[PDB]
Amino acid sequence: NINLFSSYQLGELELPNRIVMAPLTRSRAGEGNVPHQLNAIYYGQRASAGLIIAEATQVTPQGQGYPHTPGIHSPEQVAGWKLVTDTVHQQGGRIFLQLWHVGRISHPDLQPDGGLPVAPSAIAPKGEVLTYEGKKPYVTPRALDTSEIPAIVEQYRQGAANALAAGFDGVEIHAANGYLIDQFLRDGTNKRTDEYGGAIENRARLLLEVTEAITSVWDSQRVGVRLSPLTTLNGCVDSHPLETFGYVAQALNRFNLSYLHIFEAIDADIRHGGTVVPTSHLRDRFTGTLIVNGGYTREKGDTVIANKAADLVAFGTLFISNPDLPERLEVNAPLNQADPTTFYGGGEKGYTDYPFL
Ligand SMILES: Cc1cc2nc3c(=O)[nH]c(=O)nc-3n(C[C@H](O)[C@H](O)[C@H](O)COP(=O)(O)O)c2cc1C
C-alpha cells in the first residue's frame, strides 16, 4: 500500500516521501540576477519535500523573460545558488535546478544589447510583457538560424555544468509552458523548414539534443524533463498533442532519465471536449519515474500513487503557502491559503512568512 508518504528511490537518492515541490518563479533575485540568503531561507523552509525543484532559472542572458528571475550562467549566480543548496542540504533536503530559456517570451529590454528574443519562428506573442519600464507589447522574435542551434544546446550544457558546481542534486529541463524548447516542440509556434521543424522527430530534436548534452554533464538519473501537454500558456499549442507528447515520452527512454514530469493543465477537461492527452498514455510510453502535477490534494495524490498512475506528485501553489506541506498533509492539518499578490517580486512577505504548523 504505497501513498504520498512512502519513500522512493530516485537513482542514488532516497526520497523520504512522494511529495515534490514544483518549480515556482518568485522573481526575487538580487543584483546580477543572483540568489541571496532570503532565497536560501525560503527553500530551506521547504526541505521536508521529498524533492524540491527550484524555480525556472535562465541558463544564459538571452534566456531571461521576466525581471528579477535568477540565472545560472555567471560565477556570482553559482555562488548565490550555493547558499541555497547549502541550506537545503543542512536541513536534510534534496533540490534540483529547473533550467530555463524563455525563447520568444521576453522583450528586447531584457536581452543583451537590446536584441530581439530568439525563437524557432518569427511569431510575436499576443498581449503585453513586463519590462523594467512597465508593460509593453511583445515584439516579433528572431527565428534562430539552423547554425545557431548548437549554441543553444551549449548554453543549456553550460547551465547544467554551473548547476553541478552550485551543489544541486540534479536538474530539470524546462520543456513546458511555452518556453523555448516547447516553442520548438509544438506546431503552433514552430513553422520551420529545416531539421528542427515539420515532423515530430524534427520538432523534438532541440529537446533531445539538449537532453543528450545535459546527460554528458550529470548522471542521467539526476536529469528530469518537464512537459505540459495541454497548456495553452504563452500562446503555445500543438494541433495533435496526443501524437506529439506520446512520441516525446517514448523518445526520452533512451536517455535513462531521472523522471518525466507532467504538468496537467487545470482547464484541460473543461477546454475542448475533454482531455485529449490522458496522462496514462504518457505513463505507458515513458519507462521511468513519472511526476504528475496540477491541482493535486492529499486524496488525489494518494490515489495516483496507489494505482500506479504516477510515482511522485508535485505541488506548486500549496508549497507557496505551506512550507511544511508534507507534515500538514500527513496529519490532515489545516492548510494556509496562498496570496497571489505576493507570488512575484518583493521580499519576505508572502515568501518566508507563511507559518509552520
Ligand atoms: C507563482 C507561480 C510560478 C510558477 N513558476 C513556474 C516555473 O518556474 N516553472 C514551471 O515549470 N512551472 C511554473 N509554475 C507552474 C507550477 O509549477 C505548477 O505546475 C502549477 O502551479 C500547477 O500546480 P499546482 O496546482 O500544484 O499549483 C508556476 C506556477 C505559479 C503559481
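FYI, the numbering just counts along the sequence from 1. Remember, it's 1-based here, ligands and their atoms both numbered in the order they're listed.
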Margin query: Below 3.5 Å, N or O to N or O, backbone or side chain included: is there any such pair between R26 and ligand 1?
Written below: no
Check: Roughly how far apart are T57 OG1 and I72 CD1, rounded to 0.5 Å?
Finding: 7.0 Å
Note to self: Please classify the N177 to ligand 1 contact at 4.0 Å (heavy-atom distances, strictly less than): side chain, backbone, both or neither.
What the structure shows: side chain
Note to self: Can you classify the ring geometry of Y179 versus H174 as parallel (below 30°), tilted (30 to 60°) or perpendicular (above 60°)?
What the structure shows: perpendicular
Next item on the list: Look at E264 together with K300 and state whether they make a salt bridge at an N to O cut-off of under 4.0 Å.
Entry: no
Next item on the list: Do me a favour and list the nearest non-hydrogen protein atom to atom 29 (C) of ligand 1 with residue, atom name and distance?
Entry: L24 CD2, 3.7 Å
Note to self: Once you measure the plane-to-plane angle for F184 and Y196, does it fall in the parallel (<30°), tilted (30-60°) or perpendicular (>60°) bin?
What the structure shows: perpendicular
Check: Can you check whether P23 has an N/O within less than 3.5 Å of an N/O in ligand 1?
Finding: yes
Note to self: Heavy atoms only, cut-off 4.0 Å: how does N293 contact ligand 1, side chain, backbone, both, or neither?
What the structure shows: side chain
Notebook entry, point to check: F315 heavy atoms, cut-off 4.0 Å: which ligand 1 atoms fall inside?
Noted result: 26 (O)
Check: Looking only at non-hydrogen atoms, which of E172, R226, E264 approaches atom 12 (N) of ligand 1 most closely?
Finding: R226
Notebook entry, point to check: Does any N or O atom in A56 lie less than 3.5 angstrom from one in ligand 1, N or O only?
Noted result: yes
Note to self: Only heavy atoms of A22, strictly under 4.0 Å: list the atoms of ligand 1 that pass.
What the structure shows: 17 (O)
Check: Going by heavy atoms, is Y344 under 4.0 Å from ligand 1?
Finding: yes
Next item on the list: May I ask you to list the atoms of ligand 1 that are less than 4.0 angstrom from any heavy atom of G316?
Entry: 24 (P), 26 (O), 27 (O)
Note to self: Regarding ligand 1, does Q98 bring an N or O atom to under 3.5 Å of one of the ligand's N or O atoms?
What the structure shows: yes
Checklist line | Identity and distance of the protein heavy atom lying nearest atom 21 (O) of ligand 1 | finding: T317 OG1, 4.2 Å
Next item on the list: Report yes or no: does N322 contribute a side-chain atom to a donor-acceptor pair with the main-chain N or O of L318 at less than 3.5 Å?
Entry: yes
Check: Relative to atom 3 (C) of ligand 1, which among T25, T342, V20, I266 owns the nearest non-hydrogen atom?
Finding: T25
Next item on the list: Can you measure from OH (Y42) to OG1 (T352) and round to the nearest 0.5 angstrom?
Entry: 10.0 Å
Item checked: contact_flag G294 ligand 1 heavy-atom lt 4.0 Å -> yes
Notebook entry, point to check: Can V313 and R18 be said to form a side chain to side chain contact (heavy atoms under 4.5 Å, CB included), step by step?
Noted result: CA-CA 6 Å; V313 178; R18 310 302 188 94; 5.7 Å; no
Notebook entry, point to check: Any idea which part of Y296 is under 4.0 Å from ligand 1, heavy-atom wise: side chain, backbone, both or neither?
Noted result: neither
Check: Which of the atoms in ligand 1, numbered in the order shown and given with their element, are less than 4.0 Å from a heavy-atom of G295?
Finding: 24 (P), 25 (O)
Check: If you round to the nearest 0.5 Å, how far is CH2 of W100 from CD of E55?
Finding: 8.5 Å
Notebook entry, point to check: What about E55: any of its N or O atoms under 3.5 Å from an N or O on ligand 1?
Noted result: no
Check: Would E14 and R94 pass as an ion pair if we require N to O under 4.0 Å?
Finding: no
Next item on the list: Might you confirm whether atom CD of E201 has over 12 heavy atoms from other residues, nucleotides or ligands at distances under 6.0 Å?
Entry: yes
Item checked: From OH (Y138) to NE2 (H107), nearest 0.5 Å -> 10.0 Å
